[PDB]
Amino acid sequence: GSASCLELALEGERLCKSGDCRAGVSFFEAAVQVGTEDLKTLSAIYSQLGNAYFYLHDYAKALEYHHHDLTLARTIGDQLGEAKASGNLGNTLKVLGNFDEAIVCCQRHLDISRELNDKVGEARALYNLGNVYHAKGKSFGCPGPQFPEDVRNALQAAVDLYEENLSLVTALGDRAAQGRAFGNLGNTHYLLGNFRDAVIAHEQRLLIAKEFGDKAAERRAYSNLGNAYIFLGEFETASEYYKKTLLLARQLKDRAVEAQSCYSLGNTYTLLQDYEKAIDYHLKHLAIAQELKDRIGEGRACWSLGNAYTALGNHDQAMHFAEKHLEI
């Protein structure tokens, strides 16, 4: 009973860890169906269900399970469990766009972790809280940098939280956590218009990504670095990083990222006046969007091509893609 509930839960946890959350989830549900009198165990099952559903993009279900975990942690007086549940609720509320409540929940995680002198919990909570402010500021209007004071206020609060997180994970020797904070700090600086600061942080993220052999993180960092250099007016440097993202996108067989690399390269070459290089990268993007059935990107390819040919002289091909742009 209590024993086989635990046995099912362990198997659920094994499966999620190995990348099979679909299968692990239903072992968690079976565990709940069998049930147990150990409320610490039951709480942890609910939390792992919330985590599994979050990773499966069922945020509504994730929220409900974290809420049960939180409440149960309170009934038994488990402060550590209460703090972790509050952190998980906050991360979920953030994805759902409940930024105000996300802040409260993540602050609770932080406050309890400090009350208990749990430094690992404290660092996580600072990262999470930074993420909420980051997402909040990022949610305004047009994406990218430039509008309402609250945008800047939220992003600046995220910078302060990431900097404090980074200070703490350095003292803990947590390299992976440093990479994560550097990454998010860099994008936070980017959105604030602090482009030189974005570059410094993304370079650190890059270094740590290479250290772990984390190819996805490496790709992100190059892409983010390219973006920052575009806004610095250093277009040659951007093409370099955009090219490095392109290499890894191909090596990792990630077609969508492969397509975007080509489009941003086409635009960097447009800003560098090399219109022939622009066309080449645009048609490789156009083809890839036709492959992935992405109609929105397919439209952008046509419009960009028309503009480049116009600065070259080719009036005939400029009209050809304009008629293809109207169709989509």
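Sequential numbering from 1, following the sequence displayed.
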(request) Would you mind checking whether any residues of the deposited sequence sit unmodelled between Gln146 and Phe147, and how many (none, 1 to 3, 4 to 9, 10 or more)? (result) 4 to 9
(message) So, looking at the entry's B-factor column for Cα atoms, which has the higher mean, 23-31 or 260-268?
(response) 260-268
(message) Tell me which stretch, 243-251 or 174-182, has the higher mean Cα B-factor listed in the entry.
(response) 243-251
(request) Tell me, please, which of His57, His282, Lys40, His66 has the highest C-alpha B factor according to the deposited entry? (result) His282
(message) Out of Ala301, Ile45, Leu70, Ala52, whose C-alpha atom has the biggest B factor in the entry?
(response) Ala301
(request) Within this chain's modelled residues, let me know which third the CA B factor of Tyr162 belongs to: lowest, middle or highest. (result) lowest
(request) Among all modelled residues of this chain, ranked by Cα B factor, put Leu155 in the bottom, middle or top third, i.e. lowest, middle or highest. (result) lowest
(message) When the deposited Cα B-factors of this chain's modelled residues are ordered and cut into thirds, is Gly87 in the lowest, the middle or the highest one?
(response) lowest
(request) Sorting the chain's modelled residues by C-alpha B-factor, tell me whether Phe140 ends up in the lowest, middle or highest third. (result) highest
(message) Considering every modelled residue of the chain and its Cα B-factor in the PDB entry, is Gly226 in the lowest, middle or highest third?
(response) middle
